[PDB]
Amino acid sequence: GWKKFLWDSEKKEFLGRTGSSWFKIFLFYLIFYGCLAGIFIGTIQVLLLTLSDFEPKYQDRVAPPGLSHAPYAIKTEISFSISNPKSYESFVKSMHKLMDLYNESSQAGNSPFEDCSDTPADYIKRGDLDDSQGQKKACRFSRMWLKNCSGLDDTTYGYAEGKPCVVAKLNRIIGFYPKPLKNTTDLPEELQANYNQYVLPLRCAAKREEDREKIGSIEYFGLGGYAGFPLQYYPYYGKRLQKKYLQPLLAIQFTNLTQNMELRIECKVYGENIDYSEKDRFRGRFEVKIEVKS
Amino acid sequence: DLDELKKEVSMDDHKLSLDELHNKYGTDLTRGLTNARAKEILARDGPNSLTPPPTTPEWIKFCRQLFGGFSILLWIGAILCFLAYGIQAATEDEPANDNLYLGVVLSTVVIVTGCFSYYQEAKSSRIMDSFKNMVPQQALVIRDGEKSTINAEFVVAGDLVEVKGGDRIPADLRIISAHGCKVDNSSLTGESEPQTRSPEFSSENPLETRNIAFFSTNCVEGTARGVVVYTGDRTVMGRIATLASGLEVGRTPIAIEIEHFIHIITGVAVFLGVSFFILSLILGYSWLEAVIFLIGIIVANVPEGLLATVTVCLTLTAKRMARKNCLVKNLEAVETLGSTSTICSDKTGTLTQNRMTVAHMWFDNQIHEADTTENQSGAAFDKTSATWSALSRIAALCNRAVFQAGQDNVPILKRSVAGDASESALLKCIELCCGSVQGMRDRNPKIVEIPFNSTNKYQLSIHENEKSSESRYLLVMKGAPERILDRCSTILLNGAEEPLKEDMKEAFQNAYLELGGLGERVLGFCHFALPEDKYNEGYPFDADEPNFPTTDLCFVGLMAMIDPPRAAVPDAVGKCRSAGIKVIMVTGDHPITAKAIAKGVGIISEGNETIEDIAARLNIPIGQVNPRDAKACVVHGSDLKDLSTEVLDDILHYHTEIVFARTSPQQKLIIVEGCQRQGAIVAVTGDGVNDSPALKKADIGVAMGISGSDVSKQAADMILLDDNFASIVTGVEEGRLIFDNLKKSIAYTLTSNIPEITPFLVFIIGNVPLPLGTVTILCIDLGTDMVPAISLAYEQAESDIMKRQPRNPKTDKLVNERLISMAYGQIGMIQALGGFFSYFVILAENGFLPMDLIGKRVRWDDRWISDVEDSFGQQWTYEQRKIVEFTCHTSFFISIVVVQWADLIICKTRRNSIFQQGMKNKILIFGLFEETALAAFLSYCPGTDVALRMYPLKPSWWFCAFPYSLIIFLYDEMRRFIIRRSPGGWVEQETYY
Ligand SMILES: C=C(/C=C\C[C@@H](O)[C@@H](O)[C@H](O)C/C=C/C=C\[C@@H](O)C[C@@H]1O[C@H](C[C@@H](O)[C@H](O)C[C@H]2O[C@H]([C@H](O)[C@H](O)CC[C@H](O)/C=C/[C@H](C)[C@@H](O)C[C@]3(O)O[C@H](C[C@@H](O)CCCCCCC[C@@]45C[C@@H](C)C[C@@](C)(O4)[C@@H](C[C@@H](C)CCCCC[C@@H](O)[C@H](O)[C@H](O)[C@@H](O)[C@H](O)[C@H]4O[C@H](C[C@H](O)[C@H](O)/C(C)=C/[C@H](O)C[C@@H](C)[C@H](O)C(=O)N/C=C/C(=O)NCCCO)[C@H](O)[C@@H](O)[C@@H]4O)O5)[C@H](O)[C@@H](O)[C@H]3O)C[C@@H](O)[C@@H]2O)[C@@H](O)[C@H](O)[C@H]1O)CC[C@H](O)[C@@H](O)[C@H](O)[C@H](C)C[C@H]1O[C@H](/C=C\[C@@H](O)[C@H](O)C[C@@H]2C[C@@H]3C[C@H](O2)[C@@H](CC[C@H]2O[C@H](CN)C[C@H]2O)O3)[C@@H](O)[C@H](O)[C@H]1O
Ligand SMILES: *[C@@H]1O[C@H](CO[C@@H]2O[C@@H](C)[C@@H](O)[C@@H](O)[C@@H]2O)[C@@H](O[C@@H]2O[C@H](CO)[C@@H](O[C@@H]3O[C@H](CO[C@H]4O[C@H](CO)[C@@H](O)[C@H](O)[C@@H]4O)[C@@H](O)[C@H](O[C@H]4O[C@H](CO)[C@@H](O)[C@H](O)[C@@H]4O)[C@@H]3O)[C@H](O)[C@H]2NC(C)=O)[C@H](O)[C@H]1NC(C)=O
Ligand SMILES: CCCCCCCC/C=C\CCCCCCCC(=O)OC[C@H](COP(=O)(O)OCC[N+](C)(C)C)OC(=O)CCCCCCC/C=C\CCCCCCCC
Ligand SMILES: CCCCCCCC/C=C\CCCCCCCC(=O)OC[C@H](COP(=O)(O)OCC[N+](C)(C)C)OC(=O)CCCCCCC/C=C\CCCCCCCC
Ligand SMILES: CCCCCCCC/C=C\CCCCCCCC(=O)OC[C@H](COP(=O)(O)OCC[N+](C)(C)C)OC(=O)CCCCCCC/C=C\CCCCCCCC
Ligand SMILES: CCCCCCCC/C=C\CCCCCCCC(=O)OC[C@H](COP(=O)(O)OCC[N+](C)(C)C)OC(=O)CCCCCCC/C=C\CCCCCCCC
Ligand SMILES: CCCCCCCC/C=C\CCCCCCCC(=O)OC[C@H](COP(=O)(O)OCC[N+](C)(C)C)OC(=O)CCCCCCC/C=C\CCCCCCCC
Ligand SMILES: CCCCCCCC/C=C\CCCCCCCC(=O)OC[C@H](COP(=O)(O)OCC[N+](C)(C)C)OC(=O)CCCCCCC/C=C\CCCCCCCC
Ligand SMILES: *[C@@H]1O[C@H](CO)[C@@H](O[C@@H]2O[C@H](CO)[C@@H](O)[C@H](O)[C@H]2NC(C)=O)[C@H](O)[C@H]1NC(C)=O
Ligand SMILES: CC(C)CCC[C@@H](C)[C@H]1CC[C@H]2[C@@H]3CC=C4C[C@@H](O)CC[C@]4(C)[C@H]3CC[C@]12C
Ligand SMILES: [Mg+2]
Ligand SMILES: [Mg+2]
């Protein structure tokens, strides 16, 4: 049994069959699997032909847009000691990774970065979503616009003396036009002042009513000095038609933050085609837990 | 409980005297024992009652079923699942729950299967109890010289016991004085006729001597006395029942096929794991994560619906059997009949009816045959001659037995008749084709009768003649044909009378040897008209002197009789032989009768010959002929006692038609074992207590329901509540039919495996988002698959099943490599490719092309990356990409159902084509329809994305699996085509299950 089913020497069999059997079976499986592979490949090529290169066929799963942030906090918590320098390194490395893409050296020449209004403006349509007029042109976004959080003056960006910054960003969507709320009698309290139509407002607050007092002065930095995103950087034409495209950014400094205590800060964008979700805590708004323990 | 001392053949103290007997146990032959002494012994050794069986509680029989079949594979699966939930729970407060569900589900599949199998085994036990009836009985013992009737449980060894025709022998007695006493030794020894019990000794074998009465036997006619020699469990049938209880069950064939199935399934589990272990190490992973990967692949190779599907499969065939009155106590004993290849049967009570019936009749120099079948479905014997009428008058008058009061309801053959078995058989035949004997008897008043004499060897009587024109006297007499032949000189031919010349005397001799050679007992009937001139109507013929002419009578004709076989016995034996089943007769009856019944039922085909037959046909000694020229052999029990193991092997190896006669119960077991030592399945069919040890050791015991004993009924596995023998043929057919279907259902439930594990393998090796979730596999594993798999049992035959030879156990298994090559190798592969197609389509239509998916898993699963760029440059949050992955799981599950359509159709038939067999199975059609309705329901009901996580699909995605299905259908169709045109070719020895 044990030995014979492994190798007998009269019928010259190994495991059960002879050499010609193992060959017939191996050849059959090779031809069979080869045909299977060729069929799967053909059915995948016709799929590459069905879709378009400048536009995803379905855009219903990404609307409205989200709201991400740098730094990269795990569990949405930013906790660091003002003494130990090896505490906020994981944060700075991220912040830096994000801002390192807005370097002026990258934005140079006429293409594909054209100079746009230094003050918020309206939309800009560079035609349709075609290859007719080549690669489109995107507006330039300078680092310096963000005044105290730019890594150009205080590389750390604030984490060094108990005053952190948070660079907020709106998720890039193809053909998405941001629509801010109008001046009618119905509008939140906050939004009334500085109604710059061409600016999409972003405003942070405290999750709980108690924490209000423990949160100090939220100082927003942005294009034109407003707390929002200029409508001129829209819409987005997609990677293929707009490589080297930069999305606006908004810096937020949480000055006067109480020491040794977990503070829940919820930031929220406002606008018509903006809707929040009780399940996705990053759709339109975002939450951050800050605790500058020193 | 020494078995070797119980396996030995019975010994005794029969060859003794009445003085030696009374001197050994202590007892007055004329006064019996004293009451004080009787109680001293009653308390000294125990009541004369057999021990009750070893009982068992119901929670016990439920634990047995919980730790059985493959409930072990699943018990560990459950334990492992809850272990992972424990560790995952105490390690993090946010762990996935694919394990608390996977475990409660797995566990339910085991608890539910146990409840169903249980309910079945209890259903059969209740109907088994409603048959165990026990009306108390009491014996007649003589103590201090007085007769008293005491409970059967108070009889001891030594007292005097008297019996009377109609009562039961209480314990093993030693007859001391008898008065024409006869006993029925059919259940214990197997003797169809009543053996007379005489105080004298006759044979060295205790079962053959007449000076010993036995336990559970009954005294038919006469009265007798005797000293109790054996009492309680120490009796003959007590040692036999003790042997039955102290034997094993065996191991069913179906249980061995399932065990081999688990063997292969685990083989492939450790193979896929050690291989993906070396492969993962070749890719850069550490030893802890790689070890956990080997665990997940082994757990995926577990068919959970295979247990519930197999259980329901087996359960369906048992109901078809219960509709025709064939009840099985266990659940797997339903398949053993189909795999049987050697049926060992019993004669008395199983092959026969254990009741005497008039078989052949002689009259008008012509043999006439009568119907000897239970339901009277045959040929009449021409009731138009006057001779037959005179015969009816002779037998109906010269007979003293009468039906038992109150039988006006039962049929003419099954009613109770008080008297000998010969007068009863004659009374039944006359009452059958001559109407009411009670009026035939009152129509002619019996004047004087001279009872049967040991010297006269005849029974005669005179009665008045009902002829209103003839007031003479009629005289009738019956007896042995030789004695009656010496008392006649005329013959009633066609009505008229004729002389007894040697021509008809020789025709009578040949008729006597014809009915005698048939194993039947013949009797002669004659009558005569007494002259009213020499014996007027007033003269009284007192039974003292020669008042009737002994000679010069008128012989009318002979009347034979014998116990006939059951209606469907010859046809069933022929059907079994046609299917290649060796029929071997094993009975404890006289060989002269066993050989005749064997030739009459088909065991000894007409034409075959024994060594003695050849020696008789040639007129030479028996030691000269060669035993190889004899196909059939009659092995006597006395000779069987002195035979080696090899000799029995040669007896079964060289003789095709074997008949074991005069074999004791202990010997019956040796014969069954002699059949099994060589490699095959055995089915023993019996009824009495002598059959108890044979039914237990046989692969499957078949006990009679009405004519069977309680011990053999409790030790058997299948019961025939209607005592019909054709059920055996039905069983051997169903046993095969339900086998080929299990093959189909297993290949079906195994094909769906591959498309269930490949996604995870490409996930860990290729780094792509998870294609098939766990709650979806559960939905296919216990949803879609089941109804269809259950329906595959209702498939009819393809070719004649009652025409192929029995399956070889050492080579044709239930799950071979030819199946694995199909399910795991060819069909499952195509199904997996179709699933991966619908997947890529869903992700490409929303934005993730196939080039950007490789290498994304690490960031696709991060809960803190709210900006994942797709092939077009769009930014997707975490929950948004997860919704798409879930919709890909829903479409993957639907693709599985689509390919399962063609798999259920190619699994419907093994060889034949669909355009031949046909889609006449309504259950399969219902399975497909329900299988589709369930998938649509799980994908479009409000609230599934919160409970089960299945999102709605767009109508264009449901058509991504259709081409793969069509291809599966075309491939399997051409596969089944080359097998038909090319028998024995590559496609057959490579893909023919
Ligand atoms: C509960 C479960 C298990 C895990 C659950 C898990 O999740 C959770 O419970 C968590 O655990 C919770 C536990 C928490 C525990 C504690 C926490 O509370 C507490 C917290 O934990 C936190 C951490 C936590 O956050 C963590 O992160 C959690 C995660 O953990 C896992 C991590 O990833 C990872 O493990 C981290 C662990 C740790 O880091 C590991 C350390 C190492 C061990 C070790 O190194 C460390 C260290 O050294 O150990 C030392 C101790 C030593 O004595 C030990 C002795 C070492 C022995 C050495 C011999 C090795 C060995 C062994 C031989 C046999 C073979 C051999 C080859 O290797 C041979 C070779 C020799 C010669 C090698 C010799 C090397 C010597 C090495 C040693 O000496 C030491 O390393 C050395 O001493 C070191 O000190 C030293 O530094 C050394 O460094 C170097 C050494 C190297 O590094 C090393 O050697 C390397 C690299 C080896 C490499 O392999 C080599 C390669 C390169 C390669 O060779 C190579 O070159 N190839 C080159 C190829 C090449 O060129 N090719 C060129 C090509 C040219 O063509 C150096 O070289 C050396 O010299 C040097 O010496 O010898 C000592 O202590 C220290 O030293 C220590 O540091 C991962 C998880 O566990 C967990 O998430 C902490 O941060 C925190 O602080 C703490 O508080 C059950 C699982 C479930 O059942 C299952 O469902 C599961 O859930 C899924 C599977 C999940 C998956 O799927 C998910 C999604 C869905 C799933 O859920 C679905 O369910 C899937 C399902 C599954 C199935 C199927 C299907 O789908 C579905 C269907 C089923 C249903 O359907 C069915 C029907 N069909 C029915 C039903 O069944 O069910 C996914 O979401 C999942 O992600 C996914 O996974
Ligand atoms: C985008 O801009 C980044 C900053 O650009 C600088 O400022 C702008 C406004 C211009 O003036 C431009 O010309 C400037 O360079 C740019 O990153 C910068 O890259 C340089 C080159 O590697 C880095 O200089 C090196 O500094 C280290 C020590 O750095 C310390 O501070 C940083 C934070 O600033 C920490 O992250 C580090 O851990 C350290 O604590 C020096 O050790 C290193 O020495 C090398 O050079 C000296 C000569 O000076 C040689 O003797 C040595 O052998 C070494 O070769 C460099 O001096 C600079 O730190 C870095 N800035 C930041 C903030 O990280 C970035 O690369 C640009 N990206 C793109 C895509 O254009
Ligand atoms: C990300 C990638 C995805 C990966 C997915 C992988 C999915 C896995 C799919 C299939 C699993 C395959 C595992 C092997 C299955 C073999 C089946 C097997 O073991 O069944 C058992 C049979 C017994 O059958 P029986 O009942 O008739 O025995 C009767 C014996 N009596 C009667 C004498 C007692 O035993 C036998 O067949 C004998 C054993 C033969 C073993 C052959 C091993 C071949 C395995 C790999 C070959 C690879 C080579 C590749 C290179 C080719 C050259 C180019
Ligand atoms: C591009 C898409 C790819 C899809 C691939 C998957 C396909 C799988 C699904 C369906 C495949 C259908 C195959 C059709 C086969 C028809 C065969 C047939 O017709 O053979 C004729 C038989 C033979 O008769 P005979 O000569 O033996 O009779 C003797 C009568 N005597 C005895 C009286 C003389 O006749 C009979 O069987 C009797 C009549 C039976 C009539 C059956 C009609 C029902 C057929 C299919 C049901 C639909 C299932 C749909 C599932 C989707 C759910 C949403
Ligand atoms: C011959 C015999 C024929 C018999 C045929 C019988 C067929 C029976 C056919 C239909 C009955 C099915 C059960 C009905 C379930 C109704 C559930 C329902 O009406 O839910 C409505 C609400 C949804 O509300 P919303 O939109 O505001 O939620 C917003 C949630 N946000 C916003 C957080 C995402 O539900 C919720 O909230 C909570 C959802 C609760 C989940 C219940 C689903 C049950 C799960 C598995 C059982 C299915 C097993 C398959 C059985 C197959 C049998 C053939
Ligand atoms: C004969 C043919 C049979 C065909 C039937 C198909 C067989 C099915 C086989 C396996 C499927 C069972 C798997 C059980 C899954 C339970 C999932 C569960 O517990 O998820 C927990 C979720 C929590 O979700 P979250 O964290 O996102 O909530 C966030 C809420 N925030 C954010 C608003 C706070 O809670 C909820 O969904 C709340 C609603 C609870 C819904 C319970 C539904 C139970 C469904 C089936 C169990 C009964 C099946 C028995 C039939 C066996 C057939 C053999
Ligand atoms: C034995 C195997 C049986 C297999 C049966 C499979 C049945 C499949 C059932 C339905 C197919 C899916 C429905 C397709 C719907 C696509 C909708 C769509 O949006 O489509 C658009 C694309 C064209 O995009 P474009 O970029 O070129 O436009 C350029 C426009 N400009 C020039 C203005 C720039 O359309 C396309 O790709 C269309 C290309 C589709 C080619 C596949 C043909 C499939 C073959 C037969 C279908 C079954 C019908 C006959 C039934 C027989 C029953 C026995
Ligand atoms: C998306 C999924 C797509 C899947 C499509 C799959 C298509 C691939 C189908 C078949 C390709 C495999 C062909 C392999 C040919 C080499 C095999 C070989 O070397 O074989 C040698 C033998 C000759 O040796 P012997 O028997 O004389 O020696 C006796 C030796 N002793 C004793 C061992 C028996 O060959 C023979 O017997 C002849 C047997 C040849 C095998 C016929 C199998 C045909 C099966 C399917 C074709 C139908 C495709 C329909 C698709 C429609 C698409 C719409
Ligand atoms: C920043 O917060 C501090 C409190 O932490 C404010 O200063 C306090 O003002 C109260 C009077 O309202 C004094 O009693 C405390 O002594 C002050 N504390 C300190 C540390 O100065 C301060 O006004 C806040 N400034 C801003 C711009 O929000
Ligand atoms: C019935 C079976 C055997 C036919 C299988 C046909 C195979 C060989 C055919 C079907 C579709 C074909 C592919 C279709 C498109 C392309 C893209 C091109 O830039 C390179 C060749 C490539 C990749 C083809 C290679 C060959 C291919 C995979
Ligand atoms: Mg019997
Ligand atoms: Mg048994």
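Counting neighbours? That spans all protein chains shown, and the Cβs are built from the backbone with ideal geometry, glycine included. Basis: the model, the stated rules and, where named, an outside source; these are not laboratory values.
Hey, any hits in the stretch A:97-111 for a residue that's touching a helix residue (DSSP H, G or I) at 6+ places or on another chain (Cβ under 6 Å), in contact (Cβ under 8 Å) with a residue 12 or more places away in the chain, away from ligand 9 (no atom under 16 Å from the Cβ) and closer than 30 Å to A:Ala138 by Cβ?
No: the stretch A:97-111 contains no residue that is touching a helix residue (DSSP H, G or I) at 6+ places or on another chain (Cβ under 6 Å), in contact (Cβ under 8 Å) with a residue 12 or more places away in the chain, away from ligand 9 (no atom under 16 Å from the Cβ) and closer than 30 Å to A:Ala138 by Cβ.
For the stretch B:872-888, indicate whether the set of residues that are surrounded by 21 or more Cβ atoms within 10 Å (Cβ to Cβ) and over 19 Å from A:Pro64 (Cα atoms) is non-empty.
yes
So A:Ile31 ticks every box in (1) surrounded by 15 or more Cβ atoms within 10 Å (Cβ to Cβ); (2) away from ligand 2 (no atom under 16 Å from the Cβ); (3) over 30 Å from B:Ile883 (Cβ atoms) but one. Which box is left unticked?
Here A:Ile31 clears every test but (1).
Suppose the filter is within 16 Å of ligand 4 (Cβ to nearest atom) and assigned by CATH to the domain that holds B:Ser791; does B:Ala947 pass it?
In short, no.
Being within 17 Å of B:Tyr824 (Cα to Cα) and among the aromatic types (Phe, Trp, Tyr) is the filter here, so list the residues in the stretch B:965-993 that pass it.
Residues satisfying the conditions are B:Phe969, B:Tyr971, B:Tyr992, B:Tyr993.
In the stretch B:939-957, which residues are surrounded by fewer than 18 Cβ atoms within 10 Å (Cβ to Cβ) and either within 41 Å of the chain's Cα centre (by Cα) or in a helix (DSSP H, G or I) (or both)?
Hits for the stretch B:939-957 are B:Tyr940, B:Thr944, B:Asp945, B:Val946, B:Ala947.
Among residues belonging to the stretch B:830-861 that are assigned to a helix (DSSP H, G or I) and away from chain A (no Cβ under 12 Å), point out the one that is nearest to ligand 3 (Cβ to nearest atom).
Looking at the filtered set, the residue picked out is B:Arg857.
For (1) within 28 Å of A:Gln107 (Cα to Cα); (2) within 11 Å of chain B (Cβ to nearest Cβ); (3) part of a loop (DSSP other than H, G, I, E, B), each residue gets a yes or a no:
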| residue | (1), (2), (3) |
| --- | --- |
| A:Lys239 | yes, yes, no |
| A:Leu246 | yes, no, yes |
| A:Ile252 | yes, no, no |
| A:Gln259 | no, no, yes |
| A:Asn273 | no, no, yes |
| A:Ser277 | no, yes, yes |
| A:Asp280 | no, yes, yes |
| A:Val292 | no, no, no |
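With touching a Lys or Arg at 6+ places or on another chain (Cβ under 6 Å) and of a type outside the set (A, V, I, L, M) as the only criterion, which of A:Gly66, A:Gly34 stands out?
After ruling out the rest, the residue left standing is A:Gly66.
Let's see how each residue does on (1) within 16 Å of ligand 5 (Cβ to nearest atom); (2) basic (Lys, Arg):
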position	(1), (2)
B:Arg910	no, yes
B:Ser913	no, no
B:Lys922	yes, yes
B:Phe926	yes, no
B:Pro963	no, no
B:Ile968	no, no
B:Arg976	no, yes
B:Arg980	no, yes
B:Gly985	no, no
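Pick from A:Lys136, A:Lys169, A:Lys163: which is of a type in the set (D, E, K, R), closer than 23 Å to A:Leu202 by Cβ and within 14 Å of chain B (Cβ to nearest Cβ)?
A:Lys169
Can you name every residue in the stretch B:510-535 that is surrounded by fewer than 12 Cβ atoms within 10 Å (Cβ to Cβ), more than 57 Å from the chain's Cα centre (by Cα), of a type outside the set (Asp, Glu) and over 20 Å from B:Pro499 (Cα atoms)?
Once the filter is applied, which keeps residues that are surrounded by fewer than 12 Cβ atoms within 10 Å (Cβ to Cβ), more than 57 Å from the chain's Cα centre (by Cα), of a type outside the set (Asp, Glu) and over 20 Å from B:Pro499 (Cα atoms), the stretch B:510-535 yields only B:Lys534.
Return the only residue of B:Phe215, B:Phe261 being within 16 Å of ligand 3 (Cβ to nearest atom), under 29 Å from the mean Cα position of the chain (by Cα) and farther than 23 Å from B:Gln676 by Cα.
Answer to the check: B:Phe261.
Just one of (1) outside any helix (DSSP H, G or I); (2) touching a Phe, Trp or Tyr at 6+ places or on another chain (Cβ under 8 Å); (3) more than 9 Å from chain B (Cβ to nearest Cβ) trips up A:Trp22, so point out which.
Among (1) outside any helix (DSSP H, G or I); (2) touching a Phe, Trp or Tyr at 6+ places or on another chain (Cβ under 8 Å); (3) more than 9 Å from chain B (Cβ to nearest Cβ), A:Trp22 violates only (1).
Just for the stretch B:892-912: of the residues that are surrounded by fewer than 24 Cβ atoms within 10 Å (Cβ to Cβ) and among the polar types (S, T, N, Q), which one is nearest to B:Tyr964 (Cα to Cα)?
B:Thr909
Right, B:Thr887: under 27 Å from B:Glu973 (Cα atoms), in contact with a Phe, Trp or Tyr (Cβ under 9 Å, 6 or more places away or on another chain), away from ligand 12 (no atom under 16 Å from the Cβ) and among the polar types (S, T, N, Q) or not?
When the stated conditions are applied, B:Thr887 does not pass them.
Condition check: in contact (Cβ under 8 Å) with a residue 24 or more places away in the chain, among the small types (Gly, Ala, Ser) and touching a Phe, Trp or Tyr at 6+ places or on another chain (Cβ under 9 Å). Does B:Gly705 satisfy that?
yes
It is to be established whether one or more residues within the stretch A:51-59 are within 30 Å of A:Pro180 (Cβ to Cβ), more than 9 Å from chain B (Cβ to nearest Cβ) and part of a loop (DSSP other than H, G, I, E, B).
no
Which residue, of B:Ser891, B:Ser965, B:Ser956, B:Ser895, is in contact with a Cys (Cβ under 7 Å, 6 or more places away or on another chain), within 16 Å of ligand 7 (Cβ to nearest atom) and of a type in the set (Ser, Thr, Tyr)?
That would be B:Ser895, the only listed residue that is in contact with a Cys (Cβ under 7 Å, 6 or more places away or on another chain), within 16 Å of ligand 7 (Cβ to nearest atom) and of a type in the set (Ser, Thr, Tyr).
Out of everything in the stretch A:70-96 that is touching a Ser or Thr at 6+ places or on another chain (Cβ under 8 Å) and within 14 Å of another protein chain (Cβ to nearest Cβ), what residue ends up being nearest to B:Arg863 (Cα to Cα)?
Out of the qualifying residues, it is A:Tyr72.
So which strands (runs of 3 or more DSSP E) are wholly in the stretch B:110-221 and hold at least 3 residues that are surrounded by fewer than 18 Cβ atoms within 10 Å (Cβ to Cβ)?
B:146-151
Return yes or no: is A:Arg143 basic (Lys, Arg) and more than 14 Å from chain B (Cβ to nearest Cβ)?
Criteria met by A:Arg143.
Could you pull out the residue among A:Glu266, A:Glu287, A:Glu209, A:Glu213 that is out of contact with any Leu (no Cβ under 8 Å at 6 or more places or on another chain), part of a helix (DSSP H, G or I) and surrounded by fewer than 19 Cβ atoms within 10 Å (Cβ to Cβ)?
Matching residue, one of A:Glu266, A:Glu287, A:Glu209, A:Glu213: A:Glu213.
Tell me, please, whether a residue that is in contact with an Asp or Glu (Cβ under 6 Å, 6 or more places away or on another chain), in the same structural domain as B:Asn753 (by CATH) and either assigned to a helix (DSSP H, G or I) or within 16 Å of ligand 9 (Cβ to nearest atom) (or both) can be found in the stretch B:900-909.
Yes: the stretch B:900-909 contains one or more residues that are in contact with an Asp or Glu (Cβ under 6 Å, 6 or more places away or on another chain), in the same structural domain as B:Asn753 (by CATH) and either assigned to a helix (DSSP H, G or I) or within 16 Å of ligand 9 (Cβ to nearest atom) (or both).
A quick yes/no check of all residues on (1) within 14 Å of another protein chain (Cβ to nearest Cβ); (2) more than 16 Å from ligand 3 (Cβ to nearest atom); (3) out of contact with any helix residue (DSSP H, G or I) (no Cβ under 7 Å at 6 or more places or on another chain); (4) among the charged types (D, E, K, R):
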position: B:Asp903; (1), (2), (3), (4): no, yes, no, yes
position: B:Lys908; (1), (2), (3), (4): no, yes, no, yes
position: B:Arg911; (1), (2), (3), (4): no, yes, no, yes
position: B:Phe915; (1), (2), (3), (4): no, yes, yes, no
position: B:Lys920; (1), (2), (3), (4): no, yes, yes, yes
position: B:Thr944; (1), (2), (3), (4): no, yes, no, no
position: B:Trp958; (1), (2), (3), (4): no, yes, no, no
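So in the stretch B:225-251, with the set limited to residues that are within 26 Å of the chain's Cα centre (by Cα) and not in a helix (DSSP H, G or I), which one is farthest from B:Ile670 (Cα to Cα)?
Filtering the stretch B:225-251 for residues that are within 26 Å of the chain's Cα centre (by Cα) and not in a helix (DSSP H, G or I), the one farthest from B:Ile670 (Cα to Cα) comes out as B:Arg251.
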